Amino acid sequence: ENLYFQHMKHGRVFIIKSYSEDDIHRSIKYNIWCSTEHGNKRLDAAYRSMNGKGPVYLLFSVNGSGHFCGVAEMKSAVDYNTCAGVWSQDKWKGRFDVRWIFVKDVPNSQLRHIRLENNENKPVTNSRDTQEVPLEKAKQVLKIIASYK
């Protein structure tokens, strides 16, 4: 058995949906990310209210790709006034640090049975950017991602 993920109560988990394979590569290389304005606000609130008592996990997926591509932990609050144009589009403003802890393609077919009661019970694989995942579903997603071969 693996009871690792079932045994934790302080952590928050968000879906990250990116249009750009370049931005994913840049994020892995430099351990930084930037969301939209309302996305950044959502993640910043979650990070600051955690007060380092548990992780904020980010489950990354490229829009239309059919799979998740990895997992990162958020590692700073959002700095909203930073260099413009570092991402594939110049519409994203700011920067926060992440730490990629898992880089692996996980097909949507391995996760589409997990549904989000906070998103009309839609499959977790039909989420939009910065969709939050209830902890009990997040544990199941993390276990499937960690065990996929």
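Take the two forms, superpose them, and find the largest set of C-alpha atoms that agree within 1.5 Å; that set is the rigid core. Residues carry their position along the shown sequence, with the first being 1.
Comparing 92-100 with 55-63 by root mean square Cα distance to the shown form in 9 other deposited structures of this protein, with the rigid core used for the fit, gives 92-100 as the more displaced stretch. Mean C-alpha B-factor is higher over 46-54 than over the other stretch, the pair under comparison being 95-103 and 46-54.
Comparing the deposited coordinates for 108-116 and 25-33, the stretch with the larger average C-alpha B-factor is 108-116. In the deposited entry, the Cα temperature factor of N81 sits in the top third of values across the chain's modelled residues. Among the modelled residues of the chain, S61 sits in the lowest third by CA temperature factor in this PDB entry.
When the modelled residues of the chain are ordered by their C-alpha B factor, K17 lands in the lowest third.
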